[PDB]
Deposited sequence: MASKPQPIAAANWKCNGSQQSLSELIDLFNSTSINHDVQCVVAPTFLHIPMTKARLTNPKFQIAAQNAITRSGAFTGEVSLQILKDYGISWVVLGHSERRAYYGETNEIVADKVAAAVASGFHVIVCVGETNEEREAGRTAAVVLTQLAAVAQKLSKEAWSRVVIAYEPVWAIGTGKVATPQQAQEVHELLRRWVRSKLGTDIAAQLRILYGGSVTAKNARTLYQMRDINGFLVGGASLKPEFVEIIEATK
């Protein structure tokens, strides 16, 4: 397996006090194995997190971006993130696909720009319950992945990370099967080396209680964690990637 990633998606949550307490815990947590930890605060909380986080095994990510600075009231661009020394970004999260009109095309454009600008990107994919029940999981997630892949160069794949979100929800067996589906497509289109090096993270419900059983699956390379990542239990989730 490639180097695992334990990523904390704080989503639209946090106060200065609560996040300070949580970051202090992360700072006192000794990460001793080969794992890349990532924390993704809201834009407003990035400066405070950057100033307070000292743990050398952690990188800070944005939860979204648009490609270029300009007349886009309310948005934050990759240019602005880079100026602030942020080099990781989560794109295509199921909530943005749902609420904020992010189509396969929009996601692909964002991903292409980010990796070309040297960002590591966590690209989110996943199918609905209606799509899963119809037997269309592979058709849907590979269409999502194909849209993103069409832009990317060989070298760009070193900075791509995929996160599978079972929007339909999951067992580790079910998760592992979709991760196999994704990796198979990549192997077929981009070759054995890129497929072997690619991190595919599980982005469903992850807790201290289920993280080890998930990480043990052959094609799961870590997690994009929701609610648990605002809690001290995130420590146990990082430990599950040994």
property: Sequence ranges absent from the coordinates, based on the deposited chain and numbered from 1; result: 1-3, 173-178
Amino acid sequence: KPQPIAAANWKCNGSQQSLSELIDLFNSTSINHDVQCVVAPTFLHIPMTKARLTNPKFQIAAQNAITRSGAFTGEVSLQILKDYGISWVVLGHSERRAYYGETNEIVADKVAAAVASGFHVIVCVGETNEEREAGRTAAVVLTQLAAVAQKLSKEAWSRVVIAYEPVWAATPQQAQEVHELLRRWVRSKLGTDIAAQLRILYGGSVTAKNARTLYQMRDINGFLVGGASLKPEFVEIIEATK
From here on, numbers count along this sequence of modelled residues.
| query | finding |
| --- | --- |
| Mean Cα B-factor comparison, 218-226 or 16-24, giving the higher one as deposited | 16-24 |
| Stretch exceeding the other in mean C-alpha B-factor - 36-44, 64-72 | 64-72 |
| Candidate set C124, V121, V148, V141 [ranked by C-alpha B-factor, highest] | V148 |
| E180 by Cα B-factor - lowest, middle or highest third of the modelled chain | middle |
| CA B-factor placement of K154, once the chain's modelled residues are sorted into thirds | highest |
| Entry-reported Cα temperature factor of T128, expressed as the chain third it lands in | highest |
| Third of chain Cα B-factors occupied by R199 | lowest |
| CA B-factor placement of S77, once the chain's modelled residues are sorted into thirds | lowest |
